[PDB]
file work37.txt (compact mmCIF, N, CA and C atoms and all ligand atoms)
# COMPACT_ATOMS: atom_id res chain seq x y z
N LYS A 1 13.16 -5.60 0.03
CA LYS A 1 13.00 -6.58 1.15
C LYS A 1 11.65 -7.27 1.00
N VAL A 2 11.62 -8.56 1.32
CA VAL A 2 10.39 -9.35 1.29
C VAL A 2 10.13 -9.66 2.76
N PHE A 3 9.16 -8.97 3.33
CA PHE A 3 8.78 -9.13 4.73
C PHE A 3 8.09 -10.46 5.00
N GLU A 4 8.23 -10.95 6.22
CA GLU A 4 7.51 -12.16 6.61
C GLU A 4 6.20 -11.60 7.20
N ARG A 5 5.11 -12.35 7.09
CA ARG A 5 3.80 -11.89 7.53
C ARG A 5 3.72 -11.17 8.87
N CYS A 6 4.02 -11.87 9.96
CA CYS A 6 3.94 -11.26 11.28
C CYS A 6 4.94 -10.15 11.53
N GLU A 7 6.09 -10.23 10.88
CA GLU A 7 7.10 -9.19 11.04
C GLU A 7 6.48 -7.90 10.48
N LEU A 8 5.87 -8.02 9.31
CA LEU A 8 5.22 -6.86 8.70
C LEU A 8 4.07 -6.36 9.56
N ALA A 9 3.26 -7.28 10.09
CA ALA A 9 2.12 -6.93 10.91
C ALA A 9 2.54 -6.09 12.10
N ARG A 10 3.60 -6.51 12.79
CA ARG A 10 4.08 -5.78 13.94
C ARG A 10 4.66 -4.43 13.55
N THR A 11 5.28 -4.36 12.37
CA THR A 11 5.86 -3.12 11.88
C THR A 11 4.79 -2.08 11.61
N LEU A 12 3.71 -2.48 10.94
CA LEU A 12 2.61 -1.58 10.61
C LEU A 12 1.91 -1.04 11.87
N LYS A 13 1.78 -1.88 12.89
CA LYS A 13 1.15 -1.46 14.12
C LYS A 13 1.98 -0.36 14.78
N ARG A 14 3.29 -0.57 14.81
CA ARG A 14 4.21 0.38 15.42
C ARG A 14 4.19 1.70 14.68
N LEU A 15 3.91 1.65 13.39
CA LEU A 15 3.85 2.85 12.56
C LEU A 15 2.48 3.53 12.60
N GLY A 16 1.61 3.05 13.48
CA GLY A 16 0.28 3.64 13.62
C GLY A 16 -0.75 3.34 12.54
N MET A 17 -0.68 2.18 11.91
CA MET A 17 -1.65 1.87 10.86
C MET A 17 -2.92 1.25 11.38
N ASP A 18 -2.89 0.68 12.58
CA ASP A 18 -4.09 0.03 13.10
C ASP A 18 -5.25 1.00 13.35
N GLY A 19 -6.24 0.95 12.47
CA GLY A 19 -7.42 1.79 12.59
C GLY A 19 -7.26 3.18 12.00
N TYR A 20 -6.19 3.39 11.24
CA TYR A 20 -5.95 4.70 10.63
C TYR A 20 -7.10 5.03 9.68
N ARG A 21 -7.79 6.15 9.90
CA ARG A 21 -8.92 6.53 9.06
C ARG A 21 -9.94 5.40 8.98
N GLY A 22 -10.09 4.69 10.10
CA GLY A 22 -11.04 3.59 10.19
C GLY A 22 -10.65 2.26 9.58
N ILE A 23 -9.41 2.16 9.10
CA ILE A 23 -8.92 0.93 8.46
C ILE A 23 -8.13 0.06 9.44
N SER A 24 -8.64 -1.14 9.68
CA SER A 24 -8.00 -2.07 10.59
C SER A 24 -6.69 -2.62 10.01
N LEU A 25 -5.79 -3.00 10.89
CA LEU A 25 -4.50 -3.54 10.48
C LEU A 25 -4.64 -4.74 9.52
N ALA A 26 -5.59 -5.65 9.80
CA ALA A 26 -5.81 -6.80 8.94
C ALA A 26 -6.15 -6.40 7.49
N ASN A 27 -6.76 -5.24 7.30
CA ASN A 27 -7.07 -4.76 5.94
C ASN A 27 -5.81 -4.30 5.23
N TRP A 28 -4.92 -3.65 5.98
CA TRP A 28 -3.65 -3.20 5.43
C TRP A 28 -2.80 -4.42 5.05
N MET A 29 -2.84 -5.46 5.89
CA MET A 29 -2.10 -6.69 5.61
C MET A 29 -2.64 -7.36 4.35
N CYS A 30 -3.97 -7.41 4.23
CA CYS A 30 -4.60 -8.00 3.05
C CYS A 30 -4.18 -7.21 1.80
N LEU A 31 -4.13 -5.89 1.92
CA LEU A 31 -3.73 -5.05 0.80
C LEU A 31 -2.26 -5.30 0.40
N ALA A 32 -1.32 -5.24 1.35
CA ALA A 32 0.10 -5.47 1.05
C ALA A 32 0.33 -6.84 0.43
N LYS A 33 -0.41 -7.83 0.93
CA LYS A 33 -0.33 -9.21 0.44
C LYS A 33 -0.71 -9.34 -1.04
N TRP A 34 -1.85 -8.78 -1.42
CA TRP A 34 -2.32 -8.86 -2.79
C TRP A 34 -1.68 -7.89 -3.76
N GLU A 35 -1.17 -6.78 -3.24
CA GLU A 35 -0.49 -5.81 -4.09
C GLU A 35 0.97 -6.20 -4.42
N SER A 36 1.75 -6.55 -3.42
CA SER A 36 3.16 -6.86 -3.65
C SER A 36 3.70 -8.19 -3.14
N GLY A 37 2.91 -8.90 -2.34
CA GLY A 37 3.39 -10.14 -1.75
C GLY A 37 4.39 -9.74 -0.65
N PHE A 38 4.17 -8.57 -0.05
CA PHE A 38 5.02 -8.03 1.03
C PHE A 38 6.43 -7.65 0.54
N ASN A 39 6.57 -7.36 -0.75
CA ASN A 39 7.86 -7.03 -1.33
C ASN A 39 7.99 -5.53 -1.56
N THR A 40 8.96 -4.90 -0.90
CA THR A 40 9.17 -3.46 -1.02
C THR A 40 9.74 -2.95 -2.35
N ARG A 41 10.35 -3.82 -3.15
CA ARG A 41 10.94 -3.38 -4.42
C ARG A 41 10.08 -3.67 -5.63
N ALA A 42 8.89 -4.21 -5.41
CA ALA A 42 7.98 -4.50 -6.51
C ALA A 42 7.59 -3.24 -7.28
N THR A 43 7.70 -3.31 -8.60
CA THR A 43 7.32 -2.20 -9.46
C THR A 43 6.48 -2.80 -10.58
N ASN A 44 5.48 -2.05 -11.03
CA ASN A 44 4.62 -2.49 -12.10
C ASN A 44 4.24 -1.36 -13.05
N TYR A 45 4.70 -1.49 -14.29
CA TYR A 45 4.42 -0.52 -15.33
C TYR A 45 3.07 -0.78 -15.98
N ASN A 46 2.26 0.26 -16.07
CA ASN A 46 0.93 0.16 -16.68
C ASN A 46 1.04 0.73 -18.09
N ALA A 47 1.22 -0.15 -19.07
CA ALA A 47 1.37 0.26 -20.47
C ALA A 47 0.26 1.17 -20.95
N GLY A 48 -0.95 0.88 -20.48
CA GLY A 48 -2.13 1.65 -20.84
C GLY A 48 -2.10 3.14 -20.60
N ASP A 49 -1.58 3.59 -19.46
CA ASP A 49 -1.56 5.02 -19.18
C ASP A 49 -0.21 5.61 -18.83
N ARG A 50 0.85 4.83 -19.03
CA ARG A 50 2.22 5.27 -18.77
C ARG A 50 2.60 5.59 -17.32
N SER A 51 1.86 5.01 -16.39
CA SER A 51 2.14 5.22 -14.98
C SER A 51 2.77 3.94 -14.43
N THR A 52 3.37 4.02 -13.24
CA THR A 52 4.02 2.86 -12.62
C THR A 52 3.59 2.78 -11.16
N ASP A 53 3.37 1.56 -10.67
CA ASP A 53 2.99 1.31 -9.28
C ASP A 53 4.28 0.95 -8.54
N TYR A 54 4.48 1.54 -7.37
CA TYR A 54 5.71 1.35 -6.62
C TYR A 54 5.63 0.82 -5.20
N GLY A 55 6.48 -0.15 -4.91
CA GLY A 55 6.57 -0.67 -3.57
C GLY A 55 5.57 -1.64 -3.01
N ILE A 56 5.65 -1.78 -1.70
CA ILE A 56 4.81 -2.70 -0.96
C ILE A 56 3.30 -2.47 -1.11
N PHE A 57 2.90 -1.20 -1.19
CA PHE A 57 1.48 -0.85 -1.36
C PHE A 57 1.13 -0.56 -2.82
N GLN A 58 2.12 -0.71 -3.71
CA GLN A 58 1.93 -0.45 -5.13
C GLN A 58 1.26 0.91 -5.37
N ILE A 59 1.88 1.95 -4.84
CA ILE A 59 1.39 3.32 -4.95
C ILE A 59 1.70 3.87 -6.35
N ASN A 60 0.67 4.41 -6.99
CA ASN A 60 0.73 4.92 -8.35
C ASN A 60 1.34 6.31 -8.56
N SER A 61 2.22 6.39 -9.56
CA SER A 61 2.95 7.62 -9.92
C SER A 61 2.12 8.78 -10.49
N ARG A 62 0.89 8.50 -10.93
CA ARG A 62 0.08 9.57 -11.52
C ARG A 62 -0.44 10.56 -10.49
N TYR A 63 -0.60 10.11 -9.24
CA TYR A 63 -1.13 10.97 -8.20
C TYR A 63 -0.29 11.13 -6.96
N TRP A 64 0.37 10.07 -6.53
CA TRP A 64 1.08 10.10 -5.25
C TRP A 64 2.57 10.39 -5.15
N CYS A 65 3.35 9.94 -6.12
CA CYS A 65 4.79 10.19 -6.09
C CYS A 65 5.29 10.62 -7.46
N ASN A 66 6.45 11.26 -7.49
CA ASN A 66 7.04 11.73 -8.73
C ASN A 66 8.18 10.83 -9.24
N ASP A 67 8.03 10.38 -10.49
CA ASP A 67 9.07 9.60 -11.15
C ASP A 67 9.52 10.34 -12.43
N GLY A 68 8.93 11.49 -12.68
CA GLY A 68 9.31 12.29 -13.83
C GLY A 68 8.88 11.86 -15.22
N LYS A 69 8.50 10.60 -15.42
CA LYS A 69 8.10 10.16 -16.74
C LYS A 69 6.61 9.91 -16.94
N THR A 70 5.80 10.15 -15.91
CA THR A 70 4.36 9.95 -16.04
C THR A 70 3.69 11.25 -16.47
N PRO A 71 2.99 11.24 -17.62
CA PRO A 71 2.30 12.41 -18.17
C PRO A 71 1.21 12.96 -17.26
N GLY A 72 1.16 14.28 -17.16
CA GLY A 72 0.16 14.96 -16.35
C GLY A 72 -0.06 14.39 -14.97
N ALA A 73 1.03 14.03 -14.30
CA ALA A 73 0.95 13.45 -12.97
C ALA A 73 1.21 14.47 -11.88
N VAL A 74 0.76 14.15 -10.68
CA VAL A 74 1.03 15.02 -9.54
C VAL A 74 1.75 14.20 -8.49
N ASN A 75 2.13 14.86 -7.41
CA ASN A 75 2.93 14.22 -6.37
C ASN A 75 2.35 14.62 -5.01
N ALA A 76 1.20 14.04 -4.68
CA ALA A 76 0.52 14.37 -3.44
C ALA A 76 1.28 13.98 -2.18
N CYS A 77 2.05 12.91 -2.23
CA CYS A 77 2.82 12.53 -1.05
C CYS A 77 4.10 13.34 -0.96
N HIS A 78 4.37 14.11 -2.00
CA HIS A 78 5.58 14.93 -2.07
C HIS A 78 6.82 14.08 -1.87
N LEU A 79 6.92 13.04 -2.68
CA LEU A 79 7.99 12.09 -2.61
C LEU A 79 8.46 11.66 -3.96
N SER A 80 9.72 11.26 -4.00
CA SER A 80 10.28 10.71 -5.23
C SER A 80 9.72 9.28 -5.13
N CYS A 81 9.31 8.70 -6.26
CA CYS A 81 8.81 7.33 -6.23
C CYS A 81 9.89 6.38 -5.73
N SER A 82 11.16 6.80 -5.81
CA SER A 82 12.31 6.01 -5.33
C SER A 82 12.20 5.68 -3.83
N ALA A 83 11.61 6.60 -3.09
CA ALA A 83 11.44 6.45 -1.64
C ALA A 83 10.53 5.28 -1.30
N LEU A 84 9.69 4.91 -2.26
CA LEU A 84 8.75 3.80 -2.09
C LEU A 84 9.37 2.45 -2.46
N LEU A 85 10.67 2.42 -2.73
CA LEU A 85 11.35 1.18 -3.07
C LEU A 85 12.38 0.81 -2.00
N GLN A 86 12.34 1.54 -0.88
CA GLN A 86 13.26 1.30 0.24
C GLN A 86 12.85 0.08 1.05
N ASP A 87 13.79 -0.45 1.82
CA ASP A 87 13.54 -1.58 2.70
C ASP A 87 12.80 -1.02 3.92
N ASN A 88 13.14 0.22 4.28
CA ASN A 88 12.48 0.90 5.41
C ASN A 88 11.17 1.45 4.86
N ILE A 89 10.05 0.95 5.38
CA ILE A 89 8.75 1.37 4.88
C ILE A 89 8.11 2.62 5.49
N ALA A 90 8.88 3.40 6.25
CA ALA A 90 8.34 4.60 6.87
C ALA A 90 7.71 5.57 5.87
N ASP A 91 8.40 5.82 4.76
CA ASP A 91 7.87 6.74 3.73
C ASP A 91 6.65 6.16 3.01
N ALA A 92 6.69 4.86 2.73
CA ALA A 92 5.59 4.18 2.06
C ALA A 92 4.33 4.24 2.92
N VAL A 93 4.51 4.12 4.24
CA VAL A 93 3.39 4.18 5.18
C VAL A 93 2.82 5.59 5.27
N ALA A 94 3.69 6.59 5.31
CA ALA A 94 3.23 7.97 5.36
C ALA A 94 2.46 8.29 4.06
N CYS A 95 2.91 7.74 2.93
CA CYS A 95 2.22 8.01 1.67
C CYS A 95 0.88 7.26 1.58
N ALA A 96 0.84 6.04 2.10
CA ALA A 96 -0.37 5.24 2.12
C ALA A 96 -1.40 5.97 3.01
N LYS A 97 -0.96 6.56 4.13
CA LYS A 97 -1.86 7.31 5.01
C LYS A 97 -2.46 8.49 4.25
N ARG A 98 -1.65 9.16 3.43
CA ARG A 98 -2.11 10.28 2.61
C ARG A 98 -3.17 9.82 1.62
N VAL A 99 -2.96 8.67 1.00
CA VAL A 99 -3.90 8.13 0.02
C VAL A 99 -5.29 7.93 0.59
N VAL A 100 -5.38 7.31 1.78
CA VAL A 100 -6.68 7.04 2.38
C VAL A 100 -7.34 8.25 3.02
N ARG A 101 -6.65 9.38 3.01
CA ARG A 101 -7.22 10.59 3.53
C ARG A 101 -8.21 11.15 2.49
N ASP A 102 -8.13 10.64 1.26
CA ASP A 102 -9.05 11.06 0.21
C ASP A 102 -10.37 10.31 0.45
N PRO A 103 -11.48 10.79 -0.13
CA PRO A 103 -12.79 10.15 0.05
C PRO A 103 -12.97 8.65 -0.17
N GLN A 104 -12.31 8.08 -1.18
CA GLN A 104 -12.41 6.64 -1.46
C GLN A 104 -11.86 5.79 -0.34
N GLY A 105 -10.95 6.36 0.44
CA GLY A 105 -10.35 5.64 1.53
C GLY A 105 -9.56 4.46 0.99
N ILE A 106 -9.71 3.31 1.62
CA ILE A 106 -9.02 2.08 1.24
C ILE A 106 -9.44 1.58 -0.16
N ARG A 107 -10.62 2.02 -0.61
CA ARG A 107 -11.16 1.65 -1.91
C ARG A 107 -10.34 2.18 -3.07
N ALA A 108 -9.41 3.08 -2.82
CA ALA A 108 -8.55 3.63 -3.87
C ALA A 108 -7.79 2.53 -4.62
N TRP A 109 -7.55 1.40 -3.95
CA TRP A 109 -6.87 0.29 -4.59
C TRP A 109 -7.91 -0.73 -5.02
N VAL A 110 -8.05 -0.95 -6.32
CA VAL A 110 -9.01 -1.93 -6.81
C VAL A 110 -8.76 -3.32 -6.24
N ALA A 111 -7.50 -3.67 -6.01
CA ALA A 111 -7.17 -4.97 -5.43
C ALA A 111 -7.86 -5.19 -4.09
N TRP A 112 -7.99 -4.14 -3.28
CA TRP A 112 -8.65 -4.30 -1.99
C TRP A 112 -10.11 -4.72 -2.18
N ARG A 113 -10.78 -4.12 -3.16
CA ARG A 113 -12.18 -4.44 -3.44
C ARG A 113 -12.35 -5.88 -3.88
N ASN A 114 -11.50 -6.31 -4.79
CA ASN A 114 -11.54 -7.67 -5.34
C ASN A 114 -11.21 -8.78 -4.35
N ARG A 115 -10.17 -8.58 -3.53
CA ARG A 115 -9.76 -9.63 -2.61
C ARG A 115 -9.84 -9.44 -1.12
N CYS A 116 -10.23 -8.26 -0.66
CA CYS A 116 -10.28 -8.04 0.80
C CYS A 116 -11.67 -7.61 1.30
N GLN A 117 -12.35 -6.79 0.51
CA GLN A 117 -13.65 -6.28 0.88
C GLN A 117 -14.64 -7.40 1.13
N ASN A 118 -15.37 -7.29 2.23
CA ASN A 118 -16.40 -8.28 2.63
C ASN A 118 -15.85 -9.70 2.78
N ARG A 119 -14.60 -9.81 3.21
CA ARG A 119 -13.99 -11.11 3.43
C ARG A 119 -13.53 -11.20 4.88
N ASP A 120 -13.15 -12.41 5.27
CA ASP A 120 -12.64 -12.67 6.61
C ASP A 120 -11.13 -12.37 6.49
N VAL A 121 -10.74 -11.15 6.83
CA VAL A 121 -9.34 -10.76 6.75
C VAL A 121 -8.52 -11.06 8.01
N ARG A 122 -9.14 -11.69 9.00
CA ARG A 122 -8.45 -12.04 10.26
C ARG A 122 -7.22 -12.91 10.05
N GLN A 123 -7.30 -13.81 9.07
CA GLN A 123 -6.20 -14.72 8.76
C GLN A 123 -4.85 -14.04 8.57
N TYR A 124 -4.85 -12.84 7.99
CA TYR A 124 -3.63 -12.10 7.73
C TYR A 124 -2.86 -11.64 8.99
N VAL A 125 -3.53 -11.60 10.14
CA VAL A 125 -2.87 -11.17 11.36
C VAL A 125 -2.87 -12.19 12.48
N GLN A 126 -3.50 -13.33 12.23
CA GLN A 126 -3.58 -14.34 13.28
C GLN A 126 -2.24 -14.91 13.70
N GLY A 127 -2.02 -14.93 15.01
CA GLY A 127 -0.78 -15.45 15.55
C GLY A 127 0.39 -14.49 15.58
N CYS A 128 0.19 -13.27 15.11
CA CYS A 128 1.27 -12.29 15.07
C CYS A 128 1.51 -11.45 16.32
N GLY A 129 0.63 -11.55 17.30
CA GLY A 129 0.79 -10.78 18.53
C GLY A 129 0.48 -9.29 18.49
N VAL A 130 -0.46 -8.90 17.62
CA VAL A 130 -0.86 -7.50 17.47
C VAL A 130 -2.36 -7.33 17.74
CL CL A 201 12.05 11.51 -1.62
CL CL A 202 10.98 13.96 -6.95
NA NA A 203 3.56 11.60 -9.99
call {"tool": "encode", "arguments": {"input": "work37.txt", "output": "structure tokens", "more": "lines below"}}
Ligand SMILES: [Cl-]
Ligand SMILES: [Cl-]
Ligand code: NA
result
Amino acid sequence: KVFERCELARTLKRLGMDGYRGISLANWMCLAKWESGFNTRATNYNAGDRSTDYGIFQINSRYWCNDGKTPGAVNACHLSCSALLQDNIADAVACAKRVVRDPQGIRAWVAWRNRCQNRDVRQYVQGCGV
């Protein structure tokens, strides 16, 4: 599914993402935008280390979910990477919450640093009613 901006914004709020571990909803929107373009079925294979990024938040198979083909990987979210390709983002959100529970927080995604950190992220939620 390819979510529309405000539809996604309202969905994330309802799922308790606003201010989770100190991360504002606009930061999560900025992240989903640059990682997948709000697309839940986006997958990206990293030739360099044999891992794959899955879903709307582009969660990596080496640490967070199990796809069975990534060498020396773990499954911290205790999920099949398949769960991160659903139209229903409940599992993807629970896994994203797990990711930011680690010390790096939102910084775990390099994309956030490059395009969201120290920027005016208000634009991603303006007019959405959240
Ligand atoms: Cl699963
Ligand atoms: Cl599994
Ligand atoms: Na894994």
call {"tool": "residues_near_ligand", "arguments": {"input": "work37.txt", "ligand": "ligand CL 202 (chain A)", "cutoff": "6.5 Å", "atoms": "all atoms listed in the file", "output": "mmCIF file with N, CA and C atoms, in the coordinates of the input"}}
result
data_model
loop_
_atom_site.group_PDB
_atom_site.id
_atom_site.type_symbol
_atom_site.label_atom_id
_atom_site.label_comp_id
_atom_site.auth_asym_id
_atom_site.auth_seq_id
_atom_site.Cartn_x
_atom_site.Cartn_y
_atom_site.Cartn_z
ATOM 1 N N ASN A 66 6.450 11.260 -7.490
ATOM 2 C CA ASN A 66 7.040 11.730 -8.730
ATOM 3 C C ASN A 66 8.180 10.830 -9.240
ATOM 4 N N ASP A 67 8.030 10.380 -10.490
ATOM 5 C CA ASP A 67 9.070 9.600 -11.150
ATOM 6 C C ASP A 67 9.520 10.340 -12.430
ATOM 7 N N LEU A 79 6.920 13.040 -2.680
ATOM 8 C CA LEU A 79 7.990 12.090 -2.610
ATOM 9 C C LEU A 79 8.460 11.660 -3.960
ATOM 10 N N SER A 80 9.720 11.260 -4.000
ATOM 11 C CA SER A 80 10.280 10.710 -5.230
ATOM 12 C C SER A 80 9.720 9.280 -5.130
ATOM 13 N N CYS A 81 9.310 8.700 -6.260
ATOM 14 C CA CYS A 81 8.810 7.330 -6.230
ATOM 15 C C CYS A 81 9.890 6.380 -5.730
#
call {"tool": "closest_residue", "arguments": {"input": "work37.txt", "among": "A:8, A:32, A:2, A:65", "to": "ligand NA 203 (chain A)", "atoms": "only C-alpha atoms and all ligand atoms"}}
result
A:65
call {"tool": "residues_near_ligand", "arguments": {"input": "work37.txt", "ligand": "ligand NA 203 (chain A)", "cutoff": "5 Å", "atoms": "all atoms listed in the file", "output": "MDAnalysis selection string"}}
result
chainID A and resid 61:67 73:75
call {"tool": "residues_around", "arguments": {"input": "work37.txt", "residues": "residue 122 of chain A", "least_positions_apart": "3", "cutoff": "8 Å", "atoms": "only N, CA and C atoms", "output": "PDB file with N, CA and C atoms, keeping the file's coordinate frame"}}
result
ATOM      1  N   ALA A  26      -5.590  -5.650   9.800  1.00  0.00           N
ATOM      2  CA  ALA A  26      -5.810  -6.800   8.940  1.00  0.00           C
ATOM      3  C   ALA A  26      -6.150  -6.400   7.490  1.00  0.00           C
ATOM      4  N   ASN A  27      -6.760  -5.240   7.300  1.00  0.00           N
ATOM      5  CA  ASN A  27      -7.070  -4.760   5.940  1.00  0.00           C
ATOM      6  C   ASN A  27      -5.810  -4.300   5.230  1.00  0.00           C
ATOM      7  N   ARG A 119     -14.600  -9.810   3.210  1.00  0.00           N
ATOM      8  CA  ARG A 119     -13.990 -11.110   3.430  1.00  0.00           C
ATOM      9  C   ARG A 119     -13.530 -11.200   4.880  1.00  0.00           C
ATOM     10  N   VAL A 125      -3.530 -11.600  10.140  1.00  0.00           N
ATOM     11  CA  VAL A 125      -2.870 -11.170  11.360  1.00  0.00           C
ATOM     12  C   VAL A 125      -2.870 -12.190  12.480  1.00  0.00           C
ATOM     13  N   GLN A 126      -3.500 -13.330  12.230  1.00  0.00           N
ATOM     14  CA  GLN A 126      -3.580 -14.340  13.280  1.00  0.00           C
ATOM     15  C   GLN A 126      -2.240 -14.910  13.700  1.00  0.00           C
ATOM     16  N   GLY A 127      -2.020 -14.930  15.010  1.00  0.00           N
ATOM     17  CA  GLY A 127      -0.780 -15.450  15.550  1.00  0.00           C
ATOM     18  C   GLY A 127       0.390 -14.490  15.580  1.00  0.00           C
TER      19      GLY A 127
END
call {"tool": "closest_residue", "arguments": {"input": "work37.txt", "among": "A:31, A:108, A:56, A:94", "to": "ligand CL 201 (chain A)", "atoms": "only C-alpha atoms and all ligand atoms"}}
result
A:94
call {"tool": "select_by_dssp", "arguments": {"input": "work37.txt", "residues": "segment 16-115 of chain A", "states": "strand (DSSP E or B)", "output": "number ranges by chain"}}
result
A: 20, 23, 39, 43-46, 51-54, 59-60, 66, 80
call {"tool": "closest_residue", "arguments": {"input": "work37.txt", "among": "A:97, A:78, A:88, A:124", "to": "ligand CL 201 (chain A)", "atoms": "only C-alpha atoms and all ligand atoms"}}
result
A:78
call {"tool": "closest_residue", "arguments": {"input": "work37.txt", "among": "A:107, A:89, A:16, A:24", "to": "residue 3 of chain A", "atoms": "only C-alpha atoms"}}
result
A:89
call {"tool": "atom_distance", "arguments": {"input": "work37.txt", "atom1": "atom CA of residue 83 of chain A", "atom2": "atom CA of residue 37 of chain A"}}
result
18.4 Å
call {"tool": "atom_distance", "arguments": {"input": "work37.txt", "atom1": "atom CA of residue 5 of chain A", "atom2": "atom N of residue 47 of chain A"}}
result
29.2 Å
call {"tool": "residues_around", "arguments": {"input": "work37.txt", "residues": "segment 21-23 of chain A", "least_positions_apart": "5", "cutoff": "8 Å", "atoms": "all atoms listed in the file", "output": "tab-separated table (two decimals) with N, CA and C atoms, in the frame of the given file"}}
result
chain	number	residue	atom	x	y	z
A	28	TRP	N	-4.92	-3.65	5.98
A	28	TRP	CA	-3.65	-3.20	5.43
A	28	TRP	C	-2.80	-4.42	5.05
A	97	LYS	N	-0.96	6.56	4.13
A	97	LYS	CA	-1.86	7.31	5.01
A	97	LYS	C	-2.46	8.49	4.25
A	100	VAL	N	-5.38	7.31	1.78
A	100	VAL	CA	-6.68	7.04	2.38
A	100	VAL	C	-7.34	8.25	3.02
A	101	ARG	N	-6.65	9.38	3.01
A	101	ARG	CA	-7.22	10.59	3.53
A	101	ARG	C	-8.21	11.15	2.49
A	105	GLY	N	-10.95	6.36	0.44
A	105	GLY	CA	-10.35	5.64	1.53
A	105	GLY	C	-9.56	4.46	0.99
A	106	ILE	N	-9.71	3.31	1.62
A	106	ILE	CA	-9.02	2.08	1.24
A	106	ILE	C	-9.44	1.58	-0.16
call {"tool": "residues_around", "arguments": {"input": "work37.txt", "residues": "residue 110 of chain A", "least_positions_apart": "5", "cutoff": "10 Å", "atoms": "only C-alpha atoms", "output": "list in words"}}
result
residues 31, 35, 115, 116 and 117 of chain A
call {"tool": "decode", "arguments": {"input": "work37.txt", "residues": "segment 36-47 of chain A", "atoms": "N, CA, C and O atoms", "output": "PDB file, in the first residue's frame"}}
result
ATOM      1  N   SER A  36      10.824   5.033   2.229  1.00  0.00           N
ATOM      2  CA  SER A  36       9.998   4.283   1.278  1.00  0.00           C
ATOM      3  C   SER A  36       9.038   5.071   0.397  1.00  0.00           C
ATOM      4  O   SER A  36       8.443   4.511  -0.515  1.00  0.00           O
ATOM      5  N   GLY A  37       8.867   6.356   0.672  1.00  0.00           N
ATOM      6  CA  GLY A  37       7.900   7.143  -0.077  1.00  0.00           C
ATOM      7  C   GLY A  37       6.510   6.708   0.394  1.00  0.00           C
ATOM      8  O   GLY A  37       5.537   6.735  -0.367  1.00  0.00           O
ATOM      9  N   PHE A  38       6.423   6.284   1.661  1.00  0.00           N
ATOM     10  CA  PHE A  38       5.164   5.824   2.285  1.00  0.00           C
ATOM     11  C   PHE A  38       4.641   4.508   1.682  1.00  0.00           C
ATOM     12  O   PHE A  38       3.456   4.215   1.772  1.00  0.00           O
ATOM     13  N   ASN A  39       5.535   3.707   1.107  1.00  0.00           N
ATOM     14  CA  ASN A  39       5.146   2.460   0.469  1.00  0.00           C
ATOM     15  C   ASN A  39       5.491   1.261   1.350  1.00  0.00           C
ATOM     16  O   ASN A  39       6.657   1.006   1.642  1.00  0.00           O
ATOM     17  N   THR A  40       4.472   0.512   1.761  1.00  0.00           N
ATOM     18  CA  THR A  40       4.663  -0.652   2.625  1.00  0.00           C
ATOM     19  C   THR A  40       5.336  -1.882   1.998  1.00  0.00           C
ATOM     20  O   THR A  40       5.807  -2.753   2.721  1.00  0.00           O
ATOM     21  N   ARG A  41       5.352  -1.979   0.672  1.00  0.00           N
ATOM     22  CA  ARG A  41       5.958  -3.151   0.028  1.00  0.00           C
ATOM     23  C   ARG A  41       7.364  -2.915  -0.493  1.00  0.00           C
ATOM     24  O   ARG A  41       7.960  -3.812  -1.072  1.00  0.00           O
ATOM     25  N   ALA A  42       7.907  -1.727  -0.255  1.00  0.00           N
ATOM     26  CA  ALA A  42       9.261  -1.416  -0.687  1.00  0.00           C
ATOM     27  C   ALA A  42      10.295  -2.348  -0.056  1.00  0.00           C
ATOM     28  O   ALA A  42      10.300  -2.589   1.148  1.00  0.00           O
ATOM     29  N   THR A  43      11.157  -2.899  -0.895  1.00  0.00           N
ATOM     30  CA  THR A  43      12.232  -3.765  -0.423  1.00  0.00           C
ATOM     31  C   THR A  43      13.498  -3.296  -1.125  1.00  0.00           C
ATOM     32  O   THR A  43      13.444  -2.814  -2.263  1.00  0.00           O
ATOM     33  N   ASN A  44      14.620  -3.379  -0.420  1.00  0.00           N
ATOM     34  CA  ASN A  44      15.900  -2.975  -0.967  1.00  0.00           C
ATOM     35  C   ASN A  44      17.030  -3.898  -0.533  1.00  0.00           C
ATOM     36  O   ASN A  44      17.368  -3.987   0.649  1.00  0.00           O
ATOM     37  N   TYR A  45      17.601  -4.586  -1.514  1.00  0.00           N
ATOM     38  CA  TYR A  45      18.707  -5.499  -1.292  1.00  0.00           C
ATOM     39  C   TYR A  45      20.032  -4.750  -1.271  1.00  0.00           C
ATOM     40  O   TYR A  45      20.325  -3.952  -2.163  1.00  0.00           O
ATOM     41  N   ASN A  46      20.823  -4.999  -0.237  1.00  0.00           N
ATOM     42  CA  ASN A  46      22.131  -4.367  -0.089  1.00  0.00           C
ATOM     43  C   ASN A  46      23.181  -5.389  -0.516  1.00  0.00           C
ATOM     44  O   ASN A  46      23.572  -6.255   0.272  1.00  0.00           O
ATOM     45  N   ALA A  47      23.617  -5.289  -1.768  1.00  0.00           N
ATOM     46  CA  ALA A  47      24.602  -6.225  -2.332  1.00  0.00           C
ATOM     47  C   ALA A  47      25.846  -6.361  -1.474  1.00  0.00           C
ATOM     48  O   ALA A  47      26.401  -7.453  -1.348  1.00  0.00           O
TER      49      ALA A  47
END
